[PDB]
file protein12.csv (CSV, C-alpha atoms)
chain,number,residue,atom,x,y,z
A,1,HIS,CA,106.1,90.1,92.7
A,2,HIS,CA,105.7,86.3,93.5
A,3,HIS,CA,103.7,84.7,96.3
A,4,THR,CA,101.8,81.4,96.4
A,5,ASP,CA,98.8,83.1,98.1
A,6,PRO,CA,96.6,85.0,95.7
A,7,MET,CA,95.2,87.1,98.5
A,8,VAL,CA,98.7,88.3,99.3
A,9,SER,CA,99.4,88.9,95.6
A,10,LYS,CA,96.5,91.2,95.4
A,11,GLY,CA,97.6,93.6,98.1
A,12,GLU,CA,101.2,93.6,97.1
A,13,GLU,CA,100.3,94.4,93.5
A,14,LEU,CA,99.0,97.8,94.6
A,15,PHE,CA,102.1,98.7,96.5
A,16,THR,CA,104.8,97.7,94.0
A,17,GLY,CA,106.5,100.9,93.1
A,18,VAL,CA,106.3,104.4,94.5
A,19,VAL,CA,102.8,105.6,95.3
A,20,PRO,CA,101.7,109.2,95.7
A,21,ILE,CA,100.1,110.2,99.0
A,22,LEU,CA,97.7,113.0,99.9
A,23,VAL,CA,96.9,113.8,103.5
A,24,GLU,CA,94.1,116.1,104.8
A,25,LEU,CA,93.4,117.0,108.3
A,26,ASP,CA,90.7,119.1,109.9
A,27,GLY,CA,91.3,119.8,113.6
A,28,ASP,CA,90.0,121.6,116.6
A,29,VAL,CA,92.1,121.7,119.8
A,30,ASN,CA,90.5,123.6,122.7
A,31,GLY,CA,88.5,125.7,120.1
A,32,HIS,CA,91.6,126.5,117.9
A,33,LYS,CA,90.5,125.3,114.5
A,34,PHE,CA,93.2,124.4,112.0
A,35,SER,CA,93.8,122.4,108.8
A,36,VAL,CA,96.8,120.6,107.5
A,37,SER,CA,97.6,119.4,104.0
A,38,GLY,CA,100.3,117.0,103.1
A,39,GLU,CA,101.8,115.5,99.9
A,40,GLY,CA,104.5,112.9,99.3
A,41,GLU,CA,105.3,109.4,98.3
A,42,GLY,CA,105.5,106.0,99.8
A,43,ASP,CA,107.6,103.0,98.9
A,44,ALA,CA,106.4,99.9,100.8
A,45,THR,CA,109.3,97.8,99.5
A,46,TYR,CA,111.6,99.7,101.8
A,47,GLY,CA,108.9,100.8,104.3
A,48,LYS,CA,109.7,104.4,103.4
A,49,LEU,CA,107.6,107.5,103.5
A,50,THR,CA,108.6,111.0,102.5
A,51,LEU,CA,106.0,113.7,103.2
A,52,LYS,CA,105.7,117.5,103.5
A,53,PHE,CA,102.9,118.9,105.6
A,54,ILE,CA,101.6,122.5,105.6
A,55,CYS,CA,99.3,124.2,108.0
A,56,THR,CA,96.8,125.9,105.6
A,57,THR,CA,95.1,128.1,108.2
A,58,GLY,CA,98.2,129.9,109.5
A,59,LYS,CA,100.3,128.9,112.5
A,60,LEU,CA,99.7,125.4,113.9
A,61,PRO,CA,98.3,125.7,117.5
A,62,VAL,CA,100.0,122.5,118.7
A,63,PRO,CA,103.5,121.2,118.2
A,64,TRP,CA,104.1,119.3,114.9
A,65,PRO,CA,105.6,116.2,116.7
A,66,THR,CA,102.3,115.6,118.4
A,67,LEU,CA,100.7,115.0,115.0
A,68,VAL,CA,103.1,112.6,113.5
A,69,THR,CA,101.2,109.4,114.4
A,70,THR,CA,98.0,110.9,113.2
A,71,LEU,CA,99.3,112.2,109.9
A,72,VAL,CA,99.6,105.5,106.7
A,73,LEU,CA,100.5,102.0,107.8
A,74,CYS,CA,99.9,100.4,104.5
A,75,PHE,CA,103.4,101.5,103.6
A,76,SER,CA,105.1,99.4,106.2
A,77,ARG,CA,107.6,96.9,105.0
A,78,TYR,CA,106.4,93.3,105.8
A,79,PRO,CA,109.1,90.7,105.3
A,80,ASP,CA,108.2,87.9,102.9
A,81,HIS,CA,107.6,85.4,105.6
A,82,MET,CA,105.1,87.8,107.3
A,83,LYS,CA,103.1,89.0,104.2
A,84,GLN,CA,100.1,87.0,105.3
A,85,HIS,CA,99.8,89.2,108.4
A,86,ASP,CA,99.5,92.5,106.5
A,87,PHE,CA,96.1,93.7,107.3
A,88,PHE,CA,96.7,97.2,106.0
A,89,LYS,CA,97.4,96.3,102.4
A,90,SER,CA,94.7,93.6,102.4
A,91,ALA,CA,92.0,96.1,103.0
A,92,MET,CA,92.9,98.1,99.8
A,93,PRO,CA,91.8,99.6,97.6
A,94,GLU,CA,88.5,100.1,99.4
A,95,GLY,CA,90.5,101.0,102.5
A,96,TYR,CA,90.2,101.2,106.2
A,97,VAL,CA,89.2,103.4,109.1
A,98,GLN,CA,91.8,104.2,111.7
A,99,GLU,CA,90.5,105.5,115.0
A,100,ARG,CA,92.5,106.7,118.0
A,101,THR,CA,92.3,108.2,121.4
A,102,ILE,CA,95.6,109.8,122.4
A,103,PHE,CA,96.0,110.7,126.1
A,104,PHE,CA,98.7,113.2,126.9
A,105,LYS,CA,99.9,112.6,130.5
A,106,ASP,CA,98.8,115.4,132.8
A,107,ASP,CA,97.2,117.2,129.9
A,108,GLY,CA,94.5,116.8,127.3
A,109,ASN,CA,93.5,114.3,124.7
A,110,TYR,CA,93.1,113.9,121.0
A,111,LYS,CA,90.4,111.9,119.4
A,112,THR,CA,91.0,111.0,115.7
A,113,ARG,CA,89.1,109.4,112.9
A,114,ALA,CA,90.6,108.8,109.5
A,115,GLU,CA,89.7,107.0,106.3
A,116,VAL,CA,92.6,105.6,104.3
A,117,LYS,CA,91.9,104.6,100.7
A,118,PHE,CA,92.8,105.0,97.1
A,119,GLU,CA,91.4,107.7,94.9
A,120,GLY,CA,92.6,106.6,91.6
A,121,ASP,CA,96.3,106.0,91.8
A,122,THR,CA,96.7,108.2,94.9
A,123,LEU,CA,96.6,107.0,98.5
A,124,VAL,CA,94.5,109.4,100.6
A,125,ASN,CA,94.5,109.8,104.3
A,126,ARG,CA,91.5,112.0,105.4
A,127,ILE,CA,91.4,112.9,109.1
A,128,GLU,CA,89.3,114.6,111.6
A,129,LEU,CA,90.8,115.5,115.0
A,130,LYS,CA,89.2,116.8,118.1
A,131,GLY,CA,91.4,117.9,121.1
A,132,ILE,CA,89.9,118.7,124.5
A,133,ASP,CA,91.0,119.4,128.1
A,134,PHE,CA,94.5,120.8,127.2
A,135,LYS,CA,96.2,123.2,129.6
A,136,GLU,CA,97.0,126.6,128.4
A,137,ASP,CA,100.3,126.6,130.0
A,138,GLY,CA,101.1,122.9,129.3
A,139,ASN,CA,103.7,121.4,127.1
A,140,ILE,CA,101.3,121.1,124.2
A,141,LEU,CA,99.6,124.5,124.0
A,142,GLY,CA,102.7,126.0,125.4
A,143,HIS,CA,104.9,124.7,122.6
A,144,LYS,CA,107.5,123.2,124.9
A,145,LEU,CA,108.3,120.1,122.9
A,146,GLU,CA,111.5,119.6,120.9
A,147,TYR,CA,111.3,119.2,117.2
A,148,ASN,CA,112.3,115.6,117.0
A,149,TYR,CA,110.9,112.1,117.2
A,150,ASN,CA,112.1,108.9,119.0
A,151,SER,CA,112.1,105.4,117.6
A,152,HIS,CA,109.7,103.0,119.0
A,153,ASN,CA,108.1,99.5,118.5
A,154,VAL,CA,104.4,99.0,118.4
A,155,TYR,CA,102.5,95.8,119.0
A,156,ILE,CA,99.6,94.9,116.7
A,157,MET,CA,96.8,92.4,117.6
A,158,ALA,CA,93.9,91.1,115.7
A,159,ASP,CA,90.4,92.0,116.8
A,160,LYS,CA,88.6,89.0,115.3
A,161,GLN,CA,85.1,90.3,116.2
A,162,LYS,CA,85.5,93.4,114.2
A,163,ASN,CA,87.4,91.9,111.4
A,164,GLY,CA,90.2,94.4,112.3
A,165,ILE,CA,93.1,95.2,114.4
A,166,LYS,CA,93.9,97.0,117.7
A,167,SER,CA,96.9,98.5,119.2
A,168,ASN,CA,97.9,100.3,122.3
A,169,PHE,CA,101.3,102.0,122.5
A,170,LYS,CA,103.2,104.9,124.2
A,171,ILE,CA,105.0,107.7,122.5
A,172,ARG,CA,107.6,109.7,124.4
A,173,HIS,CA,107.9,113.4,123.3
A,174,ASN,CA,111.1,115.1,124.4
A,175,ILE,CA,110.5,118.4,126.3
A,176,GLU,CA,112.9,121.3,125.8
A,177,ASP,CA,114.1,121.0,129.4
A,178,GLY,CA,115.3,117.4,129.1
A,179,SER,CA,112.1,115.8,130.4
A,180,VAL,CA,109.5,113.8,128.6
A,181,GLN,CA,105.8,114.1,127.8
A,182,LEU,CA,104.0,110.8,127.4
A,183,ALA,CA,101.3,110.2,124.9
A,184,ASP,CA,99.3,107.0,125.4
A,185,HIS,CA,97.8,105.8,122.2
A,186,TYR,CA,94.7,103.5,121.8
A,187,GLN,CA,94.0,102.5,118.2
A,188,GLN,CA,91.5,100.4,116.3
A,189,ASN,CA,91.3,99.8,112.6
A,190,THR,CA,88.4,98.3,110.6
A,191,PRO,CA,87.9,97.7,106.9
A,192,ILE,CA,85.7,99.8,104.8
A,193,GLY,CA,84.8,97.2,102.3
A,194,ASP,CA,83.0,94.0,102.9
A,195,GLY,CA,85.5,91.6,101.3
A,196,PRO,CA,87.9,89.4,103.3
A,197,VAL,CA,91.0,90.7,104.9
A,198,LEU,CA,94.1,89.3,106.4
A,199,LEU,CA,93.9,89.1,110.2
A,200,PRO,CA,97.3,88.9,111.7
A,201,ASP,CA,99.0,87.0,114.4
A,202,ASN,CA,100.6,89.2,117.1
A,203,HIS,CA,103.5,91.2,115.9
A,204,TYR,CA,105.1,94.6,116.0
A,205,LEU,CA,106.0,97.5,113.9
A,206,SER,CA,109.4,99.2,114.3
A,207,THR,CA,109.3,102.9,113.5
A,208,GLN,CA,111.8,105.7,113.0
A,209,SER,CA,111.2,109.3,112.0
A,210,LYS,CA,113.3,112.2,111.0
A,211,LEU,CA,111.7,115.7,111.1
A,212,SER,CA,113.1,118.6,109.2
A,213,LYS,CA,112.3,122.0,107.6
A,214,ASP,CA,112.4,123.2,104.1
A,215,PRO,CA,114.6,126.3,104.1
A,216,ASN,CA,112.6,127.9,101.3
A,217,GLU,CA,109.2,127.5,102.9
A,218,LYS,CA,107.6,130.5,104.7
A,219,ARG,CA,104.4,128.6,105.7
A,220,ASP,CA,104.3,126.7,109.0
A,221,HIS,CA,105.3,123.2,107.9
A,222,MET,CA,106.9,119.9,108.7
A,223,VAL,CA,109.0,117.6,106.5
A,224,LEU,CA,108.9,114.0,107.5
A,225,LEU,CA,110.9,110.9,106.6
A,226,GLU,CA,109.6,107.8,108.2
A,227,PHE,CA,110.6,104.2,108.1
A,228,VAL,CA,108.3,101.4,109.3
A,229,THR,CA,109.1,97.7,109.4
A,230,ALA,CA,107.3,94.7,110.6
A,231,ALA,CA,108.9,92.1,112.8
A,232,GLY,CA,108.3,89.7,115.7
A,233,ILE,CA,107.6,86.5,113.8
A,234,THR,CA,110.5,84.2,113.2

call {"tool": "encode", "arguments": {"input": "protein12.csv", "output": "structure tokens"}}
result
Amino acid sequence: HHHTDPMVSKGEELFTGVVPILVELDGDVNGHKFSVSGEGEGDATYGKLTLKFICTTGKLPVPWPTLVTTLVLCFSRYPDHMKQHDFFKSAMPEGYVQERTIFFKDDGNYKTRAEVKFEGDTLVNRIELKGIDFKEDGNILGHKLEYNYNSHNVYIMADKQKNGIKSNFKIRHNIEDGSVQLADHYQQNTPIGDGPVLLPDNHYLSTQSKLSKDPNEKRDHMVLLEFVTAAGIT
């Protein structure tokens, strides 16, 4: 609403208020093809996202929690004193590409590519996912993960050569037997437009997610409430 930097003002202007979100994912894991659609809203002022996802092809062949990170960082809450480090909003409305490789310890990997941009007043996240080398009897294809999600902190670094950012972080998925399945994430983001963007100093994002179900829904789905907040700069 009021910043002395016009570049910051520009990005913030698009995220004042509640913004509708559409998510589309086309996936293939070990030859099992699936699609996911999601709809909801984001409120960057509070770093809050509310979304409902549906598997449009039938039963999802992988556990829902494994897709949380793949299925919109522009809705993170950046404190006032850190607004100059918000790469995600600075790239809007043209958007950015988000690419990842996710390695599941002692199992397969996911490779993802997404485009995040505005289509009118709607923020769209379009994703392609390819999963290979998964074990038939493993925790993923075997559906042995609990339907929940742990809080975690993720470090963000600038990649000055690509005019983007990079991040590497570990997600721990709880297994029904009390154990854990590690998922090592490697991420890179680059802008789609050719205009300038804000490259940040090192910092982290604190995330918390709550997974639920819609009691009236017969389709395979996931309801997600996510909070993301930036920190690490005093």

call {"tool": "atom_distance", "arguments": {"input": "protein12.csv", "atom1": "CA of residue 177 (chain A)", "atom2": "CA of residue 144 (chain A)"}}
result
8.3 Å

call {"tool": "closest_residue", "arguments": {"input": "protein12.csv", "among": "A:58, A:65, A:31, A:200", "to": "residue 131 (chain A)", "atoms": "only C-alpha atoms"}}
result
A:31

call {"tool": "closest_residue", "arguments": {"input": "protein12.csv", "among": "A:78, A:110, A:118, A:104", "to": "residue 91 (chain A)", "atoms": "all atoms listed in the file"}}
result
A:118

call {"tool": "closest_residue", "arguments": {"input": "protein12.csv", "among": "A:197, A:225, A:29, A:102", "to": "residue 184 (chain A)", "atoms": "only C-alpha atoms"}}
result
A:102

call {"tool": "closest_residue", "arguments": {"input": "protein12.csv", "among": "A:49, A:141, A:211, A:165", "to": "residue 63 (chain A)", "atoms": "only C-alpha atoms"}}
result
A:141

call {"tool": "residues_around", "arguments": {"input": "protein12.csv", "residues": "residue 35 (chain A)", "least_positions_apart": "6", "cutoff": "7 Å", "atoms": "all atoms listed in the file", "output": "list in words"}}
result
residues 25, 26, 27, 55, 56 and 57 of chain A

call {"tool": "residues_near_point", "arguments": {"input": "protein12.csv", "point": "(105.2, 104.2, 121.4)", "cutoff": "10 Å", "atoms": "all atoms listed in the file", "output": "VMD selection string"}}
result
chain A and resid 69 150 to 155 168 to 173 182 to 185 206 to 207

call {"tool": "decode", "arguments": {"input": "protein12.csv", "residues": "region 42-80 of chain A", "atoms": "N, CA and C atoms", "output": "mmCIF file, in the first residue's frame"}}
result
data_model
loop_
_atom_site.group_PDB
_atom_site.id
_atom_site.type_symbol
_atom_site.label_atom_id
_atom_site.label_comp_id
_atom_site.auth_asym_id
_atom_site.auth_seq_id
_atom_site.Cartn_x
_atom_site.Cartn_y
_atom_site.Cartn_z
ATOM 1 N N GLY A 42 -5.640 -17.016 -2.781
ATOM 2 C CA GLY A 42 -4.463 -16.669 -2.037
ATOM 3 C C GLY A 42 -4.519 -15.265 -1.518
ATOM 4 N N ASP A 43 -3.971 -15.064 -0.336
ATOM 5 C CA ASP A 43 -3.959 -13.784 0.303
ATOM 6 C C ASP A 43 -2.541 -13.571 0.828
ATOM 7 N N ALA A 44 -1.749 -12.892 0.034
ATOM 8 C CA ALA A 44 -0.358 -12.652 0.342
ATOM 9 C C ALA A 44 -0.134 -11.811 1.597
ATOM 10 N N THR A 45 -1.100 -11.001 1.972
ATOM 11 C CA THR A 45 -0.978 -10.174 3.184
ATOM 12 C C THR A 45 -0.769 -11.022 4.429
ATOM 13 N N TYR A 46 -1.391 -12.186 4.419
ATOM 14 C CA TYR A 46 -1.255 -13.134 5.496
ATOM 15 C C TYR A 46 -0.440 -14.378 5.143
ATOM 16 N N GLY A 47 0.021 -14.473 3.908
ATOM 17 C CA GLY A 47 0.771 -15.622 3.444
ATOM 18 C C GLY A 47 -0.088 -16.873 3.413
ATOM 19 N N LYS A 48 -1.353 -16.681 3.106
ATOM 20 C CA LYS A 48 -2.312 -17.750 3.169
ATOM 21 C C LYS A 48 -2.884 -18.246 1.852
ATOM 22 N N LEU A 49 -2.919 -19.550 1.704
ATOM 23 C CA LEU A 49 -3.478 -20.166 0.531
ATOM 24 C C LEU A 49 -4.524 -21.191 0.911
ATOM 25 N N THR A 50 -5.661 -21.201 0.240
ATOM 26 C CA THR A 50 -6.686 -22.205 0.486
ATOM 27 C C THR A 50 -7.017 -22.818 -0.884
ATOM 28 N N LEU A 51 -6.804 -24.109 -1.034
ATOM 29 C CA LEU A 51 -7.007 -24.768 -2.298
ATOM 30 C C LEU A 51 -7.599 -26.149 -2.194
ATOM 31 N N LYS A 52 -8.388 -26.511 -3.181
ATOM 32 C CA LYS A 52 -8.960 -27.822 -3.287
ATOM 33 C C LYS A 52 -8.538 -28.395 -4.630
ATOM 34 N N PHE A 53 -7.934 -29.557 -4.562
ATOM 35 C CA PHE A 53 -7.460 -30.289 -5.718
ATOM 36 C C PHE A 53 -8.254 -31.563 -5.992
ATOM 37 N N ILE A 54 -8.469 -31.852 -7.256
ATOM 38 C CA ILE A 54 -9.184 -33.031 -7.656
ATOM 39 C C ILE A 54 -8.417 -33.797 -8.696
ATOM 40 N N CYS A 55 -8.377 -35.111 -8.559
ATOM 41 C CA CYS A 55 -7.772 -35.956 -9.561
ATOM 42 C C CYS A 55 -8.866 -36.163 -10.612
ATOM 43 N N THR A 56 -8.647 -35.655 -11.802
ATOM 44 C CA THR A 56 -9.656 -35.700 -12.844
ATOM 45 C C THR A 56 -9.665 -36.974 -13.695
ATOM 46 N N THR A 57 -8.701 -37.838 -13.487
ATOM 47 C CA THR A 57 -8.576 -39.063 -14.226
ATOM 48 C C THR A 57 -8.986 -40.296 -13.422
ATOM 49 N N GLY A 58 -9.414 -40.112 -12.191
ATOM 50 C CA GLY A 58 -9.788 -41.227 -11.349
ATOM 51 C C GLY A 58 -9.036 -41.252 -10.033
ATOM 52 N N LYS A 59 -8.436 -42.366 -9.674
ATOM 53 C CA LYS A 59 -7.728 -42.466 -8.435
ATOM 54 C C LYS A 59 -6.305 -41.946 -8.623
ATOM 55 N N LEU A 60 -5.799 -41.133 -7.721
ATOM 56 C CA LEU A 60 -4.423 -40.648 -7.894
ATOM 57 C C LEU A 60 -3.452 -41.822 -7.642
ATOM 58 N N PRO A 61 -2.480 -42.071 -8.519
ATOM 59 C CA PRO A 61 -1.562 -43.207 -8.358
ATOM 60 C C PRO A 61 -0.414 -43.053 -7.371
ATOM 61 N N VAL A 62 -0.295 -41.874 -6.805
ATOM 62 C CA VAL A 62 0.703 -41.538 -5.810
ATOM 63 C C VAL A 62 0.000 -40.860 -4.626
ATOM 64 N N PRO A 63 0.635 -40.809 -3.464
ATOM 65 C CA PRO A 63 -0.028 -40.169 -2.334
ATOM 66 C C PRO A 63 -0.099 -38.643 -2.489
ATOM 67 N N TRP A 64 -1.223 -38.059 -2.119
ATOM 68 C CA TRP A 64 -1.423 -36.631 -2.183
ATOM 69 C C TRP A 64 -0.301 -35.808 -1.522
ATOM 70 N N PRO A 65 0.195 -36.211 -0.357
ATOM 71 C CA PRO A 65 1.241 -35.406 0.278
ATOM 72 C C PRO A 65 2.497 -35.237 -0.578
ATOM 73 N N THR A 66 2.773 -36.195 -1.439
ATOM 74 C CA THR A 66 3.959 -36.104 -2.285
ATOM 75 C C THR A 66 3.871 -35.023 -3.343
ATOM 76 N N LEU A 67 2.687 -34.475 -3.536
ATOM 77 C CA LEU A 67 2.479 -33.439 -4.534
ATOM 78 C C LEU A 67 2.295 -32.016 -3.976
ATOM 79 N N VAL A 68 2.306 -31.882 -2.676
ATOM 80 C CA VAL A 68 2.076 -30.604 -2.080
ATOM 81 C C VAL A 68 3.054 -29.550 -2.573
ATOM 82 N N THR A 69 4.336 -29.834 -2.561
ATOM 83 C CA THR A 69 5.284 -28.818 -2.973
ATOM 84 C C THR A 69 5.163 -28.436 -4.447
ATOM 85 N N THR A 70 4.760 -29.384 -5.269
ATOM 86 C CA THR A 70 4.603 -29.165 -6.698
ATOM 87 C C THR A 70 3.348 -28.332 -7.007
ATOM 88 N N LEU A 71 2.233 -28.693 -6.393
ATOM 89 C CA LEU A 71 0.997 -27.993 -6.598
ATOM 90 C C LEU A 71 0.950 -26.617 -5.946
ATOM 91 N N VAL A 72 3.099 -22.173 -5.429
ATOM 92 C CA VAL A 72 2.728 -20.793 -5.765
ATOM 93 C C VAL A 72 3.293 -19.809 -4.719
ATOM 94 N N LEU A 73 4.600 -19.683 -4.755
ATOM 95 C CA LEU A 73 5.357 -18.902 -3.816
ATOM 96 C C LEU A 73 5.178 -17.385 -3.828
ATOM 97 N N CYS A 74 4.514 -16.871 -4.838
ATOM 98 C CA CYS A 74 4.169 -15.486 -4.907
ATOM 99 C C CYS A 74 3.140 -15.094 -3.826
ATOM 100 N N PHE A 75 2.543 -16.056 -3.163
ATOM 101 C CA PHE A 75 1.616 -15.752 -2.088
ATOM 102 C C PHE A 75 2.280 -15.759 -0.712
ATOM 103 N N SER A 76 3.595 -15.875 -0.651
ATOM 104 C CA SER A 76 4.286 -15.837 0.616
ATOM 105 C C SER A 76 4.184 -14.421 1.209
ATOM 106 N N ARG A 77 4.151 -14.353 2.512
ATOM 107 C CA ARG A 77 4.158 -13.079 3.157
ATOM 108 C C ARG A 77 5.615 -12.619 3.381
ATOM 109 N N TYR A 78 5.975 -11.506 2.783
ATOM 110 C CA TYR A 78 7.270 -10.930 2.987
ATOM 111 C C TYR A 78 7.068 -9.736 3.905
ATOM 112 N N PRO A 79 7.709 -9.728 5.059
ATOM 113 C CA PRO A 79 7.642 -8.573 5.959
ATOM 114 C C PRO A 79 8.063 -7.279 5.242
ATOM 115 N N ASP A 80 7.585 -6.150 5.710
ATOM 116 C CA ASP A 80 7.915 -4.889 5.101
ATOM 117 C C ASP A 80 9.408 -4.651 4.843
#
